[PDB]
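J.: work20.pdb (PDB, C-alpha atoms) pasted underneath:
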ATOM      1  CA  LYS W   1      57.337  37.659  -2.507
ATOM      2  CA  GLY W   2      53.565  37.386  -3.032
ATOM      3  CA  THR W   3      52.681  36.120  -6.536
ATOM      4  CA  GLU W   4      55.976  37.277  -8.124
ATOM      5  CA  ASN W   5      57.914  35.033 -10.433
ATOM      6  CA  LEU W   6      60.729  33.259  -8.468
ATOM      7  CA  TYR W   7      63.504  34.522 -10.785
ATOM      8  CA  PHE W   8      62.373  38.138 -10.691
ATOM      9  CA  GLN W   9      61.193  38.319  -7.108
ATOM     10  CA  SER W  10      61.821  41.298  -4.806
ATOM     11  CA  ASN W  11      65.106  41.155  -2.794
ATOM     12  CA  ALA W  12      63.203  41.448   0.501
ATOM     13  CA  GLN W  13      60.048  39.844   1.838
ATOM     14  CA  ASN W  14      57.064  41.929   2.884
ATOM     15  CA  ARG W  15      57.235  40.648   6.326
ATOM     16  CA  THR W  16      53.918  41.940   7.512
ATOM     17  CA  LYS W  17      51.619  40.715   4.708
ATOM     18  CA  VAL W  18      49.900  37.283   4.848
ATOM     19  CA  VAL W  19      47.468  35.749   2.377
ATOM     20  CA  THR W  20      45.272  33.168   4.170
ATOM     21  CA  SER W  21      44.394  29.728   2.846
ATOM     22  CA  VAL W  22      41.567  28.489   0.696
ATOM     23  CA  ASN W  23      40.064  27.011   3.927
ATOM     24  CA  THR W  24      39.556  30.425   5.512
ATOM     25  CA  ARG W  25      35.895  31.132   6.387
ATOM     26  CA  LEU W  26      34.361  34.643   6.518
ATOM     27  CA  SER W  27      32.365  35.789   9.539
ATOM     28  CA  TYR W  28      30.652  39.177   9.903
ATOM     29  CA  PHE W  29      31.456  40.021   6.324
ATOM     30  CA  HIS W  30      31.376  43.734   5.538
ATOM     31  CA  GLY W  31      33.401  43.821   2.336
ATOM     32  CA  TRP W  32      30.829  45.274  -0.063
ATOM     33  CA  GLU W  33      29.717  48.155   2.164
ATOM     34  CA  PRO W  34      31.328  49.576   5.271
ATOM     35  CA  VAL W  35      29.726  49.611   8.696
ATOM     36  CA  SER W  36      30.225  50.959  12.186
ATOM     37  CA  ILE W  37      30.912  48.247  14.819
ATOM     38  CA  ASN W  38      29.983  49.349  18.360
ATOM     39  CA  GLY W  39      29.887  53.068  17.322
ATOM     40  CA  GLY W  40      33.425  52.827  15.771
ATOM     41  CA  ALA W  41      34.325  54.684  12.576
ATOM     42  CA  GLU W  42      32.699  53.219   9.469
ATOM     43  CA  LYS W  43      35.043  50.682   7.887
ATOM     44  CA  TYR W  44      35.121  47.640   5.661
ATOM     45  CA  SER W  45      35.721  44.627   7.861
ATOM     46  CA  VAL W  46      35.566  40.856   8.244
ATOM     47  CA  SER W  47      36.315  38.316  10.964
ATOM     48  CA  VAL W  48      38.627  35.870   9.238
ATOM     49  CA  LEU W  49      38.347  32.293  10.553
ATOM     50  CA  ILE W  50      41.586  30.328  10.239
ATOM     51  CA  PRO W  51      41.376  26.633  10.948
ATOM     52  CA  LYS W  52      43.770  25.454  13.654
ATOM     53  CA  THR W  53      44.956  22.825  11.157
ATOM     54  CA  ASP W  54      46.255  25.604   8.844
ATOM     55  CA  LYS W  55      49.749  25.670  10.275
ATOM     56  CA  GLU W  56      51.247  27.461   7.318
ATOM     57  CA  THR W  57      48.909  30.438   7.690
ATOM     58  CA  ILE W  58      49.154  30.475  11.478
ATOM     59  CA  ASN W  59      52.974  30.448  11.369
ATOM     60  CA  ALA W  60      52.944  33.219   8.773
ATOM     61  CA  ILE W  61      50.635  35.328  10.995
ATOM     62  CA  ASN W  62      52.844  34.781  14.043
ATOM     63  CA  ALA W  63      55.936  35.878  12.048
ATOM     64  CA  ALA W  64      54.050  38.927  10.652
ATOM     65  CA  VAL W  65      52.954  40.044  14.107
ATOM     66  CA  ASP W  66      56.545  39.902  15.308
ATOM     67  CA  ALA W  67      57.670  41.798  12.192
ATOM     68  CA  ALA W  68      55.020  44.466  12.879
ATOM     69  CA  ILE W  69      56.341  44.905  16.389
ATOM     70  CA  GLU W  70      59.903  45.170  15.069
ATOM     71  CA  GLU W  71      58.915  47.722  12.414
ATOM     72  CA  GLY W  72      57.218  49.782  15.194
ATOM     73  CA  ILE W  73      60.509  49.687  17.175
ATOM     74  CA  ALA W  74      62.502  50.615  14.057
ATOM     75  CA  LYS W  75      60.252  53.653  13.532
ATOM     76  CA  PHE W  76      60.276  55.159  17.029
ATOM     77  CA  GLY W  77      62.907  53.224  19.066
ATOM     78  CA  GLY W  78      62.568  52.273  22.680
ATOM     79  CA  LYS W  79      62.321  48.791  24.110
ATOM     80  CA  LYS W  80      60.374  45.989  22.574
ATOM     81  CA  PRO W  81      57.156  45.443  24.485
ATOM     82  CA  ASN W  82      56.235  42.446  26.513
ATOM     83  CA  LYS W  83      53.630  40.733  24.328
ATOM     84  CA  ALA W  84      51.396  40.094  27.331
ATOM     85  CA  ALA W  85      51.172  43.939  27.739
ATOM     86  CA  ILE W  86      49.703  44.670  24.290
ATOM     87  CA  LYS W  87      46.773  43.686  22.029
ATOM     88  CA  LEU W  88      47.600  40.982  19.590
ATOM     89  CA  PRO W  89      45.427  40.057  16.576
ATOM     90  CA  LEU W  90      45.367  36.226  16.416
ATOM     91  CA  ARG W  91      42.432  35.330  18.687
ATOM     92  CA  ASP W  92      41.323  31.891  19.840
ATOM     93  CA  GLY W  93      37.832  30.887  18.631
ATOM     94  CA  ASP W  94      37.570  27.966  21.017
ATOM     95  CA  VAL W  95      37.980  29.973  24.176
ATOM     96  CA  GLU W  96      37.174  33.655  23.357
ATOM     97  CA  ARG W  97      33.838  32.933  21.660
ATOM     98  CA  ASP W  98      30.779  30.751  22.069
ATOM     99  CA  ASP W  99      29.849  30.196  18.427
ATOM    100  CA  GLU W 100      29.972  26.906  16.604
ATOM    101  CA  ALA W 101      31.599  28.441  13.460
ATOM    102  CA  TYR W 102      34.544  29.597  15.588
ATOM    103  CA  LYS W 103      35.241  26.163  17.178
ATOM    104  CA  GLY W 104      38.513  24.767  15.908
ATOM    105  CA  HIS W 105      39.594  28.150  14.546
ATOM    106  CA  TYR W 106      41.705  31.117  15.317
ATOM    107  CA  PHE W 107      40.269  34.425  14.101
ATOM    108  CA  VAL W 108      41.512  37.854  13.129
ATOM    109  CA  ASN W 109      39.376  41.004  12.971
ATOM    110  CA  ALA W 110      40.584  42.772   9.816
ATOM    111  CA  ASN W 111      39.406  46.258   8.712
ATOM    112  CA  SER W 112      40.135  49.101   6.313
ATOM    113  CA  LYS W 113      38.664  52.501   5.505
ATOM    114  CA  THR W 114      38.794  51.784   1.744
ATOM    115  CA  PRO W 115      37.070  48.989  -0.147
ATOM    116  CA  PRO W 116      38.734  45.641  -0.790
ATOM    117  CA  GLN W 117      38.958  44.185  -4.270
ATOM    118  CA  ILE W 118      36.810  41.012  -4.270
ATOM    119  CA  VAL W 119      37.733  38.498  -6.946
ATOM    120  CA  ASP W 120      36.940  34.940  -8.093
ATOM    121  CA  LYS W 121      39.145  31.899  -8.510
ATOM    122  CA  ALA W 122      40.406  33.326 -11.810
ATOM    123  CA  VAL W 123      41.298  36.657 -10.147
ATOM    124  CA  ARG W 124      38.457  38.482 -11.976
ATOM    125  CA  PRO W 125      36.342  41.026 -10.078
ATOM    126  CA  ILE W 126      33.132  39.527  -8.696
ATOM    127  CA  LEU W 127      30.120  41.301 -10.260
ATOM    128  CA  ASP W 128      27.337  39.763  -8.093
ATOM    129  CA  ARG W 129      27.410  40.510  -4.381
ATOM    130  CA  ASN W 130      25.427  37.300  -3.673
ATOM    131  CA  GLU W 131      28.641  35.327  -4.374
ATOM    132  CA  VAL W 132      30.424  36.620  -1.213
ATOM    133  CA  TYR W 133      28.681  36.569   2.159
ATOM    134  CA  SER W 134      29.225  35.595   5.790
ATOM    135  CA  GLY W 135      29.823  31.847   5.875
ATOM    136  CA  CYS W 136      31.614  31.387   2.515
ATOM    137  CA  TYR W 137      35.290  30.328   2.118
ATOM    138  CA  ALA W 138      37.732  32.824   0.671
ATOM    139  CA  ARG W 139      41.443  33.672   0.762
ATOM    140  CA  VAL W 140      42.061  37.051   2.459
ATOM    141  CA  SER W 141      45.048  39.337   2.197
ATOM    142  CA  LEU W 142      46.075  40.760   5.559
ATOM    143  CA  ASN W 143      48.640  43.319   6.652
ATOM    144  CA  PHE W 144      49.740  43.630  10.216
ATOM    145  CA  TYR W 145      50.895  46.865  11.744
ATOM    146  CA  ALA W 146      51.635  48.489  15.114
ATOM    147  CA  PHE W 147      49.011  50.881  16.458
ATOM    148  CA  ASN W 148      48.007  52.993  19.416
ATOM    149  CA  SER W 149      44.500  54.434  19.585
ATOM    150  CA  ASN W 150      41.177  54.159  21.379
ATOM    151  CA  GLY W 151      42.901  53.334  24.690
ATOM    152  CA  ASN W 152      44.450  50.254  23.078
ATOM    153  CA  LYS W 153      47.856  49.472  21.687
ATOM    154  CA  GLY W 154      49.525  46.586  19.954
ATOM    155  CA  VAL W 155      49.265  45.067  16.498
ATOM    156  CA  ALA W 156      46.239  45.559  14.249
ATOM    157  CA  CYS W 157      45.200  43.825  11.045
ATOM    158  CA  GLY W 158      44.502  45.686   7.861
ATOM    159  CA  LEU W 159      42.059  44.124   5.405
ATOM    160  CA  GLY W 160      43.320  43.751   1.867
ATOM    161  CA  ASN W 161      41.689  41.901  -0.941
ATOM    162  CA  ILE W 162      39.483  38.811  -0.963
ATOM    163  CA  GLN W 163      39.374  35.810  -3.311
ATOM    164  CA  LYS W 164      36.158  33.732  -3.171
ATOM    165  CA  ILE W 165      36.853  29.955  -3.208
ATOM    166  CA  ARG W 166      33.679  28.037  -2.251
ATOM    167  CA  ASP W 167      30.233  28.423  -0.793
ATOM    168  CA  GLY W 168      29.526  27.679   2.829
ATOM    169  CA  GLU W 169      26.437  27.777   4.981
ATOM    170  CA  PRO W 170      25.365  31.360   5.628
ATOM    171  CA  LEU W 171      26.139  32.848   9.061
ATOM    172  CA  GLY W 172      23.933  35.279  10.911
ATOM    173  CA  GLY W 173      25.049  38.881  11.542
ATOM    174  CA  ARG W 174      25.308  41.331  14.385
ATOM    175  CA  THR W 175      22.060  42.671  15.963
ATOM    176  CA  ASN W 176      21.948  46.061  14.159
ATOM    177  CA  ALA W 177      18.272  46.617  13.270
ATOM    178  CA  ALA W 178      18.375  49.895  15.264
ATOM    179  CA  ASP W 179      20.601  51.300  12.461
ATOM    180  CA  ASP W 180      17.585  50.969  10.161
ATOM    181  CA  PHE W 181      14.480  51.429  12.313
ATOM    182  CA  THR W 182      13.176  53.637  15.116
ATOM    183  CA  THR W 183      10.523  52.813  17.736
ATOM    184  CA  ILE W 184       7.174  53.368  16.117
ATOM    185  CA  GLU W 185       5.401  55.932  18.319
TER     186      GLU W 185
END
Let me see the file written as structure tokens.
T.:
Amino acid sequence: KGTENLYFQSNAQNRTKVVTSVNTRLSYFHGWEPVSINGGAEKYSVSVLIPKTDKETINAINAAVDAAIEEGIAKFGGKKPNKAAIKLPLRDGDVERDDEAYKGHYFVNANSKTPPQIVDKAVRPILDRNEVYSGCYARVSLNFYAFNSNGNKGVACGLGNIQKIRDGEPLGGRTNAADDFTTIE
């Protein structure tokens, strides 16, 4: 599994982990410092843009979501849920958003409490934050897992590490100036 040597590979796959392609684009990148989104708990996060042409990654995500659901059933039993009844992580950029960067892409909102490791093409840690930013292309490690919290339930996406591949045009961020400034009275 993963980057293991084929001869010495683990007996079982990690069914819930997916590493996205080199054509993955980062949106709303919060990998160097964590932030609160809509008053939520402060977390590292990124919206990972997966081209609709990346069938290998999409198929891997679909299989991982199913495996997450199955692992949730193995933990606590009961009947498998109807997928229309729960929150699922692979979102459609063409119909759920109105942003040009999202056209022709699926997206996943990945987050973690702890910081990701952010590395270059040679798998060395990146020592200049200006190399990774919203709009660049990077592989992202993702782990899918069952959850229930905040009035929602389904399958969530944990953010793992990030491997920068190539520059892209910078993307604008969320409208969060009120986190820095007060009304001047």
J.: Using only C-alpha atoms, which protein or nucleic acid residues come within 9 Å of residue 44 of chain W? Drop anything in the same chain fewer than 6 positions from it, and give the result as a VMD selection string.
T.: chain W and resid 29 to 36 110 to 116 159
J.: Name the residues captured by the PyMOL selection byres ((chain W and resi 87-91) around 10) when it is applied to the shown file; answer as a VMD selection string.
T.: chain W and resid 48 to 50 58 61 to 62 65 to 66 83 to 86 92 to 97 105 to 110 144 to 148 152 to 157
J.: Interatomic distance between atom CA of residue 139 of chain W and atom CA of residue 28 of chain W?
T.: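 Here the two named atoms are 15.2 Å from each other.
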J.: What's around residue 132 of chain W at 8 Å? Count all atoms listed in the file, leave out sequence neighbours fewer than 3 positions away in its own chain, and write the answer as a PyMOL selection string.
T.: chain W and resi 129+136+164
J.: Can you measure atom CA of residue 46 of chain W to atom CA of residue 26 of chain W for me? One decimal in Å is fine.
T.: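 Interatomic distance, atom CA of residue 46 of chain W to atom CA of residue 26 of chain W: 6.6 Å.
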J.: Extract, using only C-alpha atoms, all DNA, RNA and protein residues at most 12 Å from segment 3-11 of chain W, discarding same-chain residues fewer than 6 positions from it, and format them as a ChimeraX atom specification.
T.: /W:18-19,123
J.: Would you save the residues of that selection, restricted to C-alpha atoms, as a CSV table (one decimal), in the coordinates of the input?
T.:
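Output contents, as saved in selection_12.csv:
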chain,number,residue,atom,x,y,z
W,18,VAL,CA,49.9,37.3,4.8
W,19,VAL,CA,47.5,35.7,2.4
W,123,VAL,CA,41.3,36.7,-10.1
J.: Can you tell me which residues surround residue 165 of chain W at a distance of at most 8 Å, considering all atoms listed in the file, apart from same-chain residues fewer than 4 positions away, and format the answer as a PyMOL selection string?
T.: chain W and resi 22+120-121+136-139
J.: Between W:2, W:158, W:51, W:168, which one has atoms that come closest to residue 102 of chain W, using all atoms listed in the file?
T.: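 Closest to residue 102 of chain W, using all atoms listed in the file: W:51.
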J.: If I take atom CA of residue 16 of chain W and atom CA of residue 81 of chain W, how far is one from the other in Å, to one decimal?
T.: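 According to the coordinates, atom CA of residue 16 of chain W and atom CA of residue 81 of chain W are separated by 17.6 Å.
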J.: Excluding same-chain residues fewer than 3 positions from residue 135 of chain W, what lies within 8 Å of it counting all atoms listed in the file, as a list in words?
T.: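 My reading of the contact set: residues 25, 26, 27, 167, 168, 169, 170 and 171 of chain W.
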J.: Between W:67, W:122, W:12, W:37, which one has atoms that come closest to residue 143 of chain W, using only C-alpha atoms?
T.: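 Under the stated criterion, the closest residue is W:67.
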J.: Which residue, W:59, W:141, W:176, W:182, has the smallest gap to residue 39 of chain W when you use only C-alpha atoms?
T.: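 Closest to residue 39 of chain W, using only C-alpha atoms: W:176.
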